[PDB]
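Accompanying notes for the structure given below.
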Amino acid sequence: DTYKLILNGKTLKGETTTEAXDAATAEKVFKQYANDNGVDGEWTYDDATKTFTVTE
């Protein structure tokens, strides 16, 4: 399935998507993406919309 990431850092805002097996693998990929763009963040997930949000 396609999972979505919502970036809601203090300055880093945006959305991006990735394909995954399960949600946990998508989370690991998204966390690396966020890290490479300056956000280490508080992570939440809405399974109904297959959407992760990372907040600072």
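Just so it is clear, none of the values below were taken in a lab; they were calculated from the coordinates. Positions of Cβ are generated from backbone atoms using ideal geometry, with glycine treated the same way; all protein chains shown enter the neighbour counts.
Quick notes on this one:
- Relative contact order of the chain, defined on C-alpha pairs under 8 angstrom at six or more residues apart (%): 43
- Within the chain, the trypsin sites (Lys or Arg not before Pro) that combine a DSSP coil assignment with at most 11 other C-beta atoms in a 10 angstrom radius are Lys10.
- Estimated from helical segments only, the mean residue ellipticity of the chain at 222 nm is -8000 deg cm²/dmol, where each DSSP H run of four or more residues counts as -39500 (n - 2.57).
- Order of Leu5, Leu12 under a 10 Å beta carbon neighbour criterion, fewest first: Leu12, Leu5
- Among beta bridges that DSSP assigns inside the chain, antiparallel share in %, nearest 5: 70
- Dmax and Rg, reported as Rg then Dmax, of the chain (C-alpha, Å): 10.2, 31
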